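Quick mapping for you: the protein sequence lines, in order, are chains C, B and A.
If you read the first sequence in the entry's author numbering, its first letter stands for residue 2, the second for the next number, and so on.
If you read the second sequence in the entry's author numbering, its first letter stands for residue 2, the second for the next number, and so on.
If you read the third sequence in the entry's author numbering, its first letter stands for residue 2, the second for the next number, and so on.
Quick reminder that beta carbons are idealized off the backbone N, C-alpha and C, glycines included.
The block underneath contains the structure these notes are about, expressed in structure tokens.
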Amino acid sequence: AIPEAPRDXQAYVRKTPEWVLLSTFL
Amino acid sequence: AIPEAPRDXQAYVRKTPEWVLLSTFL
Amino acid sequence: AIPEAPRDXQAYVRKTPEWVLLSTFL
């Protein structure tokens, strides 16, 4: 099942099996 | 287990253990 | 539980209880 995102104070989006940083888009 | 986002029709990103509105980044 | 996003190499965010493409909000 998908896990919690990193406990790192960064926003993530979902892409295939990954949490990916929103800052890679914006 | 990761819980659902608010049932409000808006886009949320995952930031640590919180759903945060995408619009706050825009 | 929140399921996996569509496995297609595109970024998704949560909109209520569904995964919706990030691009649709930008």
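Option nearest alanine 2 of chain C by Cα separation, candidates C:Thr17, C:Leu23, C:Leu22 and C:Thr25: C:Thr17
Straight-line Cα distance separating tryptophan 20 of chain B from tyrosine 13 of chain B: 6 Å
Boundaries (first-last residue) of the beta strand (DSSP E) holding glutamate 19 of chain C: Looking at the DSSP string, the run of the beta strand (DSSP E) that includes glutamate 19 of chain C is 19–22.
Assigned exposure category for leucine 27 of chain B - 16 Cβ within 10 Å defines buried: exposed
Neighbouring residues, chain B, relative to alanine 2 of chain A (Cβ below 8 Å): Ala2 and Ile3
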